[PDB]
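Report on the structure
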Amino acid sequence: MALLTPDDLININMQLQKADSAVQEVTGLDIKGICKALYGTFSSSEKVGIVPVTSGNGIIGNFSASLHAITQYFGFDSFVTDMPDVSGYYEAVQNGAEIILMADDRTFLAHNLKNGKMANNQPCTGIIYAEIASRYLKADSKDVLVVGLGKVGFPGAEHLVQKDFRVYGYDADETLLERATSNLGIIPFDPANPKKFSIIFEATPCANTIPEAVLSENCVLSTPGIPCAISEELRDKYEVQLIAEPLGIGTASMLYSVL
Ligand SMILES: NC(=O)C1=CN([C@@H]2O[C@H](COP(=O)(O)OP(=O)(O)OC[C@H]3O[C@@H](n4cnc5c(N)ncnc54)[C@H](O)[C@@H]3O)[C@@H](O)[C@H]2O)C=CC1
Ligand SMILES: C[C@@H]1CC=N[C@H]1C(=O)NCCCC[C@H](N)C(=O)O
Ligand SMILES: [Mg+2]
Ligand code: NA
């Protein structure tokens, strides 16, 4: 359970702006374009009701405001209800929400009431970050290092296998590693035997999980993980093309997936 903190979400508009430019640089597409490639969809001011939730750890400072900003950025007609929980859900439906957006400590979801489609943040995030990684314009081959094979990492790796990549997976939990190798057919990556990658997808809640031996100049590191998977020093040394943003890209993936 690695939950966002209010500090992760400070100046979310700038974080999203910067992530969008990096995505354009790496892939030639903006985030909307990535979403169009994945799902074939575009926004048309659909009304999105964002419902604060007091369950578990409770309301996270900046969370709903951040979803508010994220959804406006992508062209949705969004709003945040005054009431939380079930009273908030009611308020949202009654005020004409077409899509509901809400999270407890275990599930962040988007539910499109017009067409019944529903998205879970975890696979949506893994998929979009892996898609971004896969579209690095100047990569020499379909070879990608995946570090972290949990709720985000595994569907990301699955997506890459489906796009005919050689996927090299590592997870510190050896049982997760085994399951993923047998279910997905990924290559089990041994850090003691390192190679350089130009494409890396990382989804862990830990810092400095990408060692120097695995980097090449201008390599792409596409990572929803928090805190950052690579030190500032290694990032500067190898001119890493970092795609890393705390909420928006995954939220976009959810929303465009239910359109
Ligand atoms: N930026 C965004 O939009 C989003 C970010 N997240 C964040 O992404 C991260 C991953 O989330 P989940 O996949 O749901 O967590 P999870 O706990 O299901 O998976 C994390 C995996 O990383 C592995 N791991 C930890 N340290 C490692 C290391 N040094 N080397 C290799 N593997 C290691 C763990 O064994 C675990 O399997 C968390 O930080 C979460 O907060 C989650 C959803 C969206
Ligand atoms: C969706 C984020 C991305 C990474 N971890 C996930 C997380 O922190 N989930 C918990 C969000 C709880 C929201 C709270 N219930 C509120 O409504 O403010
Ligand atoms: Mg994101
Ligand atoms: Na990380």
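Residues numbered from 1 in each chain as written, not as in the entry; some residues may be left out. Chains lettered and ligands numbered in written order. Heavy atoms only, no water.

Re unusual backbone geometry
In this structure, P227 follows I226 across a cis peptide bond, with omega equal to 0 degrees. One non-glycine residue, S45, lies in the positive phi region at around 50 degrees. Along the polypeptide, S45 turns up in the loop between α2 (31-39) and β1 (47-51). One non-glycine residue, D85, adopts positive backbone phi at about 65 degrees. (Helix = DSSP H or I, 4+ residues; strand = E, 2+ residues; numbered from the N terminus.)

With respect to the pattern of salt bridges
In this structure the tally under the stated criterion is 5 salt bridges. In this structure, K163 and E131 form a salt bridge, with 2.9 Å as the shortest nitrogen-oxygen distance. Here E131 lies in helix α5 (residues 121-134) and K163 lies in the loop between α6 (153-162) and β7 (166-170), a separation of 32 residues in the sequence. Between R166 and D143 there is a salt bridge, and its shortest N-O distance comes to 2.7 Å. Of this pair, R166 sits in strand β7 while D143 sits in strand β6 (residues 143-147), placing them 23 residues apart in sequence. We classify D143 as buried; its relative accessible area is 8%. Several salt bridges converge on common partners, so that one network encompasses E131, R135 and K163. (Salt bridge = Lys/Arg side-chain N within 4 Å of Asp/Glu carboxyl O. Buried < 20%, exposed > 50% of the residue type's maximum accessible area, 1.4 Å probe, protein only.)

Looking at a nonpolar patch on the surface
Judged by side-chain polarity, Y89, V93 and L113 come together as a nonpolar surface patch covering roughly 210 Å² of accessible area. By secondary structure assignment, the location of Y89 is in helix α4 (residues 85-94). (Patch = residues over 30% accessible without salt bridge, like charges linked within 9 Å, V, L, I, M, F, W, Y side chains within 5 Å. Areas by Shrake-Rupley, 256 points an atom, 1.4 Å probe, with all protein chains shown as cover.)

Some details on the domain arrangement of the protein
Its domain assignment divides the protein into domain 1 (1-120 + 245-259) and domain 2 (121-244). Look at where the C-alpha atoms of domain 1 and domain 2 centre, and you get two points 24 Å apart. Listed as interface residues are 27 residues of domain 1 and, on the opposing side, 22 residues of domain 2. On the surface where domain 1 and domain 2 come into contact, there are 0 salt bridges. Elements supplying a minimum of two residues to the side of domain 1 that touches domain 2: α1 (12-27), α2, β5 (118-120) and α9 (248-258). It is α9 that contributes the most residues to the side of domain 1 that touches domain 2, 6 residues altogether. (Domains from an automatic or database assignment. Contact = heavy atoms within 4.5 Å.)

Describing the UniProt feature "binding site: NAD(+)" in the protein
Sites flagged by UniProt as "binding site: NAD(+)" map to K151, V152, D171, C206, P224, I226 and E245. Those residues in contact with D171 that sit more than four places away from it in its chain are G148, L149, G150, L176 and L177. A polar contact of 2.9 Å, which involves the side chain of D171, links it to the backbone nitrogen of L149. Along the polypeptide, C206 turns up in the loop between β9 (199-202) and β10 (220-222). Given the relative accessible area of 40%, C206 is considered partly exposed. With residues up to four places along the chain from it excluded, the contact list for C206 reads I226, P227, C228 and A229. (UniProt positions renumbered as here; feature names shortened; annotations may be inferred. Polar contact = N/O pair within 3.5 Å; in protein donor to acceptor, adjacent residues only side chain to side chain.)

Points about the site of ligand 1
Around ligand 1 sit 25 residues in total, of which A2, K151, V152, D171 and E245 are the nearest. In the model, a nitrogen atom of ligand 1 is placed 3.2 Å from a nitrogen or oxygen of the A172 main chain. The contact in question runs from a nitrogen atom of ligand 1 to an N or O atom on the backbone of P224, over 3.0 Å. Take the shell around ligand 1: its biggest share by element is 3 residues, from α5. Per-class residue counts for the shell around ligand 1 are 13 nonpolar, 8 polar and 4 charged. Formed jointly, the shell around ligand 1 draws a minimum of three residues from each of two domains, domain 1 (1-120 + 245-259) and domain 2 (121-244). (Near = heavy atom within 4 Å. Nonpolar A, V, L, I, M, F, W, Y, C, P; charged D, E, K, R; others polar.)

Here we look at α9
Buried residues dominate α9, accounting for 11 of its 11 residues. Along α9, the residues that are buried comprise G248, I249, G250, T251, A252, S253, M254, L255, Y256, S257 and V258.

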